[PDB]
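Visitor:
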Amino acid sequence: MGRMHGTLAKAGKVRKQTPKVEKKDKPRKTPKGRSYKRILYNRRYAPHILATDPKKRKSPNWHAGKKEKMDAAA
Amino acid sequence: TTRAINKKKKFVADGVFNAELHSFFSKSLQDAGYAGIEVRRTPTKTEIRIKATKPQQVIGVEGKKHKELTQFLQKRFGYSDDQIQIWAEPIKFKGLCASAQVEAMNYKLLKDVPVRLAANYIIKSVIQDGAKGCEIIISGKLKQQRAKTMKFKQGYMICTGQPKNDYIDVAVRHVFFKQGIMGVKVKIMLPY
Amino acid sequence: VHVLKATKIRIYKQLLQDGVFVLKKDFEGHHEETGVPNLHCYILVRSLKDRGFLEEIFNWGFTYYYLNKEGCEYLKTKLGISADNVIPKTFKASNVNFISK
Amino acid sequence: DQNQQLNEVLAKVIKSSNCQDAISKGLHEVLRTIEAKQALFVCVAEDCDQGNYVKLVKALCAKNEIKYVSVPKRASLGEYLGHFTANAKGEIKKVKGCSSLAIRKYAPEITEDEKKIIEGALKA
Amino acid sequence: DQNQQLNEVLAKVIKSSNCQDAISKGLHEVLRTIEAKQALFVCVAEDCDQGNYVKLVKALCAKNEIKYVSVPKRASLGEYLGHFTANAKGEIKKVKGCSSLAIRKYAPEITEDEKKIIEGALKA
Amino acid sequence: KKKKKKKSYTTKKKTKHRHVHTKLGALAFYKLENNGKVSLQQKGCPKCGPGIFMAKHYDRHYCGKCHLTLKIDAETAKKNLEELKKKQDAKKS
Amino acid sequence: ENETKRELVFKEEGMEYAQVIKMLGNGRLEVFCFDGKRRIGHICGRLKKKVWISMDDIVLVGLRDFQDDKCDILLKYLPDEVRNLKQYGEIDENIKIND
Amino acid sequence: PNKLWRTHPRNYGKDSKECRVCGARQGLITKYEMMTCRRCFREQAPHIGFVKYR
RNA sequence: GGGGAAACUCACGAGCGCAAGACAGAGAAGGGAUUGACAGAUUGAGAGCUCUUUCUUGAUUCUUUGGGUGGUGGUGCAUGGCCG
Ligand SMILES: [Mg+2]
Ligand SMILES: [Mg+2]
Ligand SMILES: [Mg+2]
Ligand SMILES: [Zn+2]
Ligand SMILES: [Zn+2]
Numbered sequence: 001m002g003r004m005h006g007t008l009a010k011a012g013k014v015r016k017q018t019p020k021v022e023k024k025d026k027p028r029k030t031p032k033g034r035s036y037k038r039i040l041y042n043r044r045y046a047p048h049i050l051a052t053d054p055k056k057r058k059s060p061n062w063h064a065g066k067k068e069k070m071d072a073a074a
Numbered sequence: 004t005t006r007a008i009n010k011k012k013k014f015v016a017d018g019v020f021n022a023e024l025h026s027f028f029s030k031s032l033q034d035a036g037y038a039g040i041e042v043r044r045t046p047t048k049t050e051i052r053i054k055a056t057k058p059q060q061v062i063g064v065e066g067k068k069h070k071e072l073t074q075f076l077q078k079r080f081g082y083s084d085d086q087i088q089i090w091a092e093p094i095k096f097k098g099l100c101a102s103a104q105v106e107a108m109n110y111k112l113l114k115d116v117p118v119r120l121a122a123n124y125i126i127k128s129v130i131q132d133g134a135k136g137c138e139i140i141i142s143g144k145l146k147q148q149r150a151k152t153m154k155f156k157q158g159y160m161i162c163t164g165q166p167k168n169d170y171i172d173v174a175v176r177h178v179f180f181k182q183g184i185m186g187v188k189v190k191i192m193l194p195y
Numbered sequence: 002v003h004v005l006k007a008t009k010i011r012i013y014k015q016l017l018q019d020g021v022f023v024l025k026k027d028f029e030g031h032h033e034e035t036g037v038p039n040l041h042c043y044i045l046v047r048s049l050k051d052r053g054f055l056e057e058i059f060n061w062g063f064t065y066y067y068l069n070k071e072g073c074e075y076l077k078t079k080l081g082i083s084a085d086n087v088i089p090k091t092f093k094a095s096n097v098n099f100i101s102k
Numbered sequence: 003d004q005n006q007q008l009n010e011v012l013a014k015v016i017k018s019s020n021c022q023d024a025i026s027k028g029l030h031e032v033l034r035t036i037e038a039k040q041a042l043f044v045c046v047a048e049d050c051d052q053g054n055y056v057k058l059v060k061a062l063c064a065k066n067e068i069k070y071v072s073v074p075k076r077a078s079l080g081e082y083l084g085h086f087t088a089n090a091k092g093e094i095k096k097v098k099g100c101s102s103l104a105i106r107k108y109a110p111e112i113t114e115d116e117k118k119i120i121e122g123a124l125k126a
Numbered sequence: 003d004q005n006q007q008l009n010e011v012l013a014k015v016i017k018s019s020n021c022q023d024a025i026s027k028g029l030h031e032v033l034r035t036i037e038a039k040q041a042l043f044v045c046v047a048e049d050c051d052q053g054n055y056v057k058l059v060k061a062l063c064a065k066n067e068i069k070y071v072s073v074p075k076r077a078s079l080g081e082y083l084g085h086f087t088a089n090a091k092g093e094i095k096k097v098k099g100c101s102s103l104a105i106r107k108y109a110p111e112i113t114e115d116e117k118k119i120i121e122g123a124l125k126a
Numbered sequence: 072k073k074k075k076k077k078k079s080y081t082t083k084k085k086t087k088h089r090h091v092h093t094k095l096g097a098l099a100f101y102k103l104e105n106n107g108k109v110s111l112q113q114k115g116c117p118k119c120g121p122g123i124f125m126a127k128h129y130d131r132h133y134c135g136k137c138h139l140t141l142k143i144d145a146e147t148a149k150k151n152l153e154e155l156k157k158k159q160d161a162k163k164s
Numbered sequence: 018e019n020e021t022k023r024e025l026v027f028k029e030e031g032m033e034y035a036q037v038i039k040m041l042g043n044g045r046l047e048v049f050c051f052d053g054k055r056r057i058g059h060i061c062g063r064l065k066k067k068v069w070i071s072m073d074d075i076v077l078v079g080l081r082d083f084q085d086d087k088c089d090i091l092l093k094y095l096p097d098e099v100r101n102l103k104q105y106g107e108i109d110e111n112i113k114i115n116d
Numbered sequence: 002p003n004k005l006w007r008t009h010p011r012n013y014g015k016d017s018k019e020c021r022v023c024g025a026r027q028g029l030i031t032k033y034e035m036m037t038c039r040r041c042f043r044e045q046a047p048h049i050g051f052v053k054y055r
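Residue numbers (PDB author numbering), protein chains in the order written: chain BX, 1 to 74; chain BC, 4 to 195; chain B7, 2 to 102; chain BU, 3 to 126; chain CU, 3 to 126; chain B9, 72 to 164; chain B0, 18 to 116; chain BN, 2 to 55.
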């Protein structure tokens, strides 16, 4: 256990260390209000989803990344 | 005659030849299920029968892998072109071949398909092909950084006795992951 | 260490003609067939796999190299005119099937 | 026109003899290659600076026995030899010019008619 | 091939119109030369950076009346104009790239067939 | 178990011979007269002779190819040694 | 006998060398600091695992800005790292290292 | 000028030989001229045709 | 630990040599990248190792910026396999 650089117990350590990563600029925007719950209904409780096997229904966040949105659309 | 060789020293040398071949073929043939090799030796020729599950990949695209292999043995030992012959022979029942099935789960585990499901798939296959019993052992890190060992049995199994060497067929593979080497044995007890 | 031009050419020649190359590990000895000092082979072939024209398999002290289609295209280049004609013994398609019942 | 047949046969010859070991390149190389009477035919770059290079070379071709050719520009020699730094677009940019080239032997893929074409430009 | 006839006639034209005063060079020059309807034909350099230059120029040719040609590289424009820094070996090294060239009038040594060759590349 | 120690320097670092090359120097071998005759003002090697020139170090003639060594009479050797010495004393200062 | 050689680490800014004085418990100790102050140190979660510390050992100590009176035990020095420290001229030559 | 490389005689003793498979010099089995270390042998043994009856 | 080690083995120690630093980008190179080596010193050593000395050699590439080979180096409490 011979790797040590910073003093133990320094206050801001982990937050200061963390690189600043910028929030991605979104093409267009996220609809506010009713329209959003429309969007949700569509991608979640809509007829086609219901028609599929309820035990095989796919969980809402399964994809973090876009490669599986490409695998989902195919 | 070529050289007078010790029947003992010759025969050991023949066995060592055979083993070098088996290591070579299991190593370079790794995609098509490779089971065995049978070597007939004629003053004229050396005939090698490669017993395999997918002969089609032994040949390749119009003898790409075949010609490659044949030439490999040629440069390696030195041989006349009439002196070497390679045949590929199909194993009619893939479910009775271990090395094959272990290659199967090698494959399935590379694609991140879960353990129990894969193990079950192959086991069900093996018994579907009429094998009385089968077992699979997967060892190494599965869950976590601490090593586990998981066994999957179904059907009939013998371990001990001379019958072991007869009815039981075994193969192992090393499987590679970002985390390290995990490893997999398949014991298929054959039918009578 | 210098790998001479004719060395280079000789091995590229044998590659393209055969389509396959084999190397025992010892950097001392010579390559049986082409009769080339092994260090030199190791070097040429090393670069060749490092650019991907060559695919490598290792068995009992012996490294086995087999040529890819990118290979034909490299050897055409360095050997020039001569290689207009040739396709390697590997690339030549076999006309008869070896699978037996 | 530089007579495109001349530059084309020159190009094919210098390439061929480079893919085979028997070309020779450089003022020290061309020197001994001329003197050993190894060089069957030799190429001189016309534009370049030291009066010596051209004088000595032409004089050495004359002073054992060698036929020579005169190329106007050096970058052309470098290009023919396949000395170029190639861009990823397939564009040849950086070219190190040569001065003298000595071809020791000819490659068998040389056409008879091409050789008969060479022989005409070989003066002195 | 860029169609060597196109680049050759382009070269001879840009040279001719430079030896005579009637060529015009530069984004301020080409501007007024286009707008005064003095420019009979205009050349645009494709690779270069400000979206404006190409957009404005092509649009200005369209917006009075002018036919234009598209050259892939700028160093070629500079070379054609005879903007080059020449080495004492007769080697052209430093070349200041151009963007837009406006030819006000044509020099009488222009061949009919060459002009008829130009007219085909003049689109938009 | 044991671990490799941090390295200890005993003796001073050594440098490797670069390759001395006089640029376009190959022209120093030949001289031309008004007739155009080619004159060889170096010495060629009896085994390698047509194109290869030997080396004149003060006391020796040395072939870069066959490593031929031809030792001079000692007087020429001492004279050339003395001269080159007296010249290097000048260039270095 | 020893654990793998790793570079002797110096006092970075915000740390001080220390020598163990007496044992407290709960993984605590009193240390004499070469700052010249006594402090009451706590032992690292790292060190609680690996290196057992005892009396009169020479230790590196990560300090605290706010409470100067407490300090964290960072790392223990092997007697060789110590004799080396004395060599380098970090800590004073008169110090008692016991085996 | 690598001339001195490997120039000490390996003629005989431990360095004259090695396992054909794993290239170990240690505990090599030379007995039928089979040149295989004990571990490697133990592995190849059924492929070489060596049974354990006993 | 096939662990009977004179070299080798061999990881240890003292002193010396090579690159087998691929592959990619930048610059350098054919008017020269680089290899080699008599001989005198030098060295334990006909190691061209170094230094003086030049002659050879002819892209086999050199300097940086990345980066791979290689490692009887660590970790069996990261692991396979094998074995107690
Ligand atoms: Mg012992
Ligand atoms: Mg590694
Ligand atoms: Mg070592
Ligand atoms: Zn000689
Ligand atoms: Zn072994």
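In this text, a Cβ means the ideal position worked out from N, Cα and C, and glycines have one as well.
1) Report the residues of the segment 109-125 of chain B9 with a CB closer than 8 Å to any CB of chain BU, ordered along the chain.
2) Going by Cα to Cα distance, which pick from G186 (chain BC), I8 (chain BC) and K135 (chain BC) is closest to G98 (chain BC)?
3) Hey, out of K9 (chain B7), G62 (chain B7) and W61 (chain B7), whose CA is closest to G36 (chain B7)'s CA?
4) What whole-angstrom Cβ distance do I25 (chain BU) and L103 (chain BU) have, given they're in contact under 8 Å?
5) Using only the heavy atoms of ligand 5, determine whether one of them is closer than 7 Å to the beta carbon of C137 (chain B9).
6) Since I believe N69 (chain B7) is in contact with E56 (chain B7) (beta carbons under 8 Å), could you give me their beta-carbon distance rounded to a whole number of angstroms?
7) Sorted by chain position, which residues of the same chain lie with C-beta nearer than 8 Å to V11 (chain BU)'s C-beta, five sequence neighbours on each side aside?
8) Per DSSP, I171 (chain BC) is paired with what?
9) Helix, strand or coil for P27 (chain BX), going by three-state DSSP, please let me know.
10) Please compile the residues from chain BU whose C-beta is within a distance smaller than 8 Å of the C-beta of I12 (chain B7).
11) Would you report the Cα separation of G14 (chain BN) and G62 (chain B7), rounded to the nearest angstrom?
12) Give a yes or no on whether the C-beta atoms belonging to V44 (chain BU) and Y70 (chain BU) are separated by under 8 Å.
13) Taking only beta-carbon atoms, is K22 (chain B0) less than 8 Å away from chain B9?
14) Would you kindly report the start and end of the unbroken alpha helix (DSSP H) that includes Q18 (chain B7)?
15) Would you say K14 (chain CU) reaches chain BU, if we count a Cβ-Cβ gap shorter than 8 Å as a contact?
16) Does chain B0 have any CB closer than 8 Å to the CB of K78 (chain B9)?
17) Rounded to whole angstroms, what's the CA-CA distance from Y195 (chain BC) to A174 (chain BC)? Just pull it up for me.
18) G99 (chain CU) versus chain BU: which residues are under 9 Å apart at the beta carbon?
19) Take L91 (chain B0) and list the residues in its own chain whose beta-carbon comes closer than 8 Å to its own, dropping the five residues that flank it on each side.
20) Is the beta carbon of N60 (chain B7) sitting closer than 8 Å to the one on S26 (chain BC)?
21) For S18 (chain BU) versus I100 (chain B7), is the C-beta distance shorter than 8 Å?
22) Quick check on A9 (chain BX): does DSSP put it in helix, strand or coil?
23) Under a three-way DSSP split, which group does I126 (chain BC) fall into?
24) Quick check: is the beta carbon of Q27 (chain BN) nearer than 8 Å to any beta carbon in chain BC?
25) Taking Cβ positions, are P89 (chain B7) and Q15 (chain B7) nearer each other than 8 Å?
26) Counting pairs of Cβ atoms below 8 Å between the segment 61-76 of chain BC and the segment 138-147 of chain BC, do you hit three or more?
27) Determine the direct distance from the alpha carbon of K10 (chain BX) to that of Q84 (chain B0), and round the result to whole angstroms.
28) Contact between the segment 34-43 of chain BN and the segment 17-24 of chain BN is defined here as three or more beta-carbon pairs at a separation below 8 Å; is this criterion met?
29) Can you tell which of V68 (chain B0), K66 (chain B0), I70 (chain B0) and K39 (chain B0) has the C-alpha that lies nearest to the C-alpha of residue 200 (chain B0)?
30) If you count every other CB in all the chains shown that lies within 10 Å of the CB of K190 (chain BC), and 16 or more means buried, which is it?
31) When the cut-off is 8 Å and only beta carbons count, does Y101 (chain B9) lie next to chain BU?
32) For the alpha helix (DSSP H) holding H25 (chain BC), just list the boundary residues, first then last.
33) Under 8 Å, do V21 (chain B7) and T91 (chain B7) count as touching if we go by C-beta distance?
34) Determine, using beta-carbon pairs with one atom in the segment 83-96 of chain BC and one in the segment 46-63 of chain BC, whether at least three such pairs fall under 8 Å.
35) At a CB-CB cut-off below 9 Å, which residues of chain BU make contact with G107 (chain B9)?
Guide: Taking the geometry as given:
1) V109, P121, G122 and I123
2) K135 (chain BC)
3) Considering only alpha carbons, the answer is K9 (chain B7).
4) 7 Å
5) Placement of the Cβ of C137 (chain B9) at a distance of 7 Å or more from every heavy atom of ligand 5 is found.
6) 6 Å
7) Within its own chain, the residues whose Cβ lies closer than 8 Å to the Cβ of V11 (chain BU), once the five positions on either side in sequence are excluded, are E116, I119 and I120, listed in chain order.
8) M192 (chain BC)
9) coil
10) Chain BU residues near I12 (chain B7): none, gap ~13 Å exceeds 8 Å.
11) 20 Å
12) yes
13) yes
14) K6 to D19
15) So no, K14 (chain CU) is outside the interface.
16) no
17) 20 Å
18) By Cβ distance, chain BU contributes nothing, its closest Cβ being about 15 Å from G99 (chain CU), past 9 Å.
19) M32, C61, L64, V76, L77, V78 and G79
20) yes
21) Result no, Cβ atoms of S18 (chain BU) and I100 (chain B7) do not sit closer than 8 Å.
22) coil
23) helix
24) no
25) Their beta carbons are not under 8 Å apart, which means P89 (chain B7) does not touch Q15 (chain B7) by this criterion.
26) No, the segment 61-76 of chain BC is not in contact with the segment 138-147 of chain BC.
27) If you take the alpha carbons of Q84 (chain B0) and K10 (chain BX), they lie about 12 Å apart.
28) yes
29) Limits of chain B0 in this structure are 18 at one end and 116 at the other, which puts residue 200 (chain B0) out of reach.
30) buried
31) yes
32) Per DSSP, the unbroken alpha helix (DSSP H) holding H25 (chain BC) starts and ends at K10 to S31.
33) yes
34) yes
35) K57, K60, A61, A64 and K65
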